[PDB]
């Protein structure tokens, strides 16, 4: 194994619009979220990161933050709410907000770069932008990669054209991280090495 064992305990929050989209059916929403996690875990195997769903929070009554069109703004409000509320419910390492919001600039996901484990910045926002579970899961994985210090793949650094950190998603998206991404992760483990991901559940 190229990388030492790490663990990411995920919290996934499903907003009220997504709850309504899936017929206000908790069981169906939980199943879809589990399938996404199974895909994220598979994609992280070559990085030797074990992915678990520490917490699922479905906003069945109302949104607890102002989910809005600007994804970065929504991410900041989500990070504040995660630090103030979600982390007090159950400890976890990274949280993603899943929403059906038509984010501005044709955006399907956004996250802070290199802030895994930070109470306010270990978050991502992701649009449930396809009926295909894998297309949404690879978006969650791309944002997780950013939070692990990865930038987009660059042809001068590596040759992969459809890897997870490609600059744009496509219908031929692969489930592999490029050499650019693996090198970014090594840099992250070397320079940052956050403690929360050294902890097994």
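Positions refer to the first chain, counted from 1.
Look over 155 to 163 and 36 to 44 in the entry and identify the one with the greater average Cα temperature factor.
Result of the comparison: 155 to 163.
Between 84 to 92 and 107 to 115, name whichever shows the higher mean Cα B factor according to the PDB entry.
On average, C-alpha B-factors are higher across 84 to 92.
Residue of maximum C-alpha B factor among 66, 141, 52, 173, per deposited coordinates
66 has the highest C-alpha B-factor of those listed.
Tell me, lowest, middle or highest third: where does the Cα B factor of residue 150 rank within its chain?
Its C-alpha B-factor, which the entry lists for residue 150, ranks in the lowest third among residues of this chain.
Comparing against every modelled residue in the chain, figure out the third that the C-alpha B-factor of residue 131 lands in (lowest, middle or highest).
It belongs to the highest third of the chain when residues are ordered by C-alpha B-factor.
Ranked C-alpha temperature factor of residue 10 among modelled chain residues, by third
Ranked within chain, residue 10 CA B lands in the lowest tercile.
Ordered by C-alpha B-factor within the chain, which third holds residue 177? Give me lowest, middle or highest, please.
It falls in the bottom third of the chain.
Position of residue 137 among the chain's modelled residues by C-alpha B-factor, lowest, middle or highest third:
Tercile = lowest for this residue's CA B-factor.
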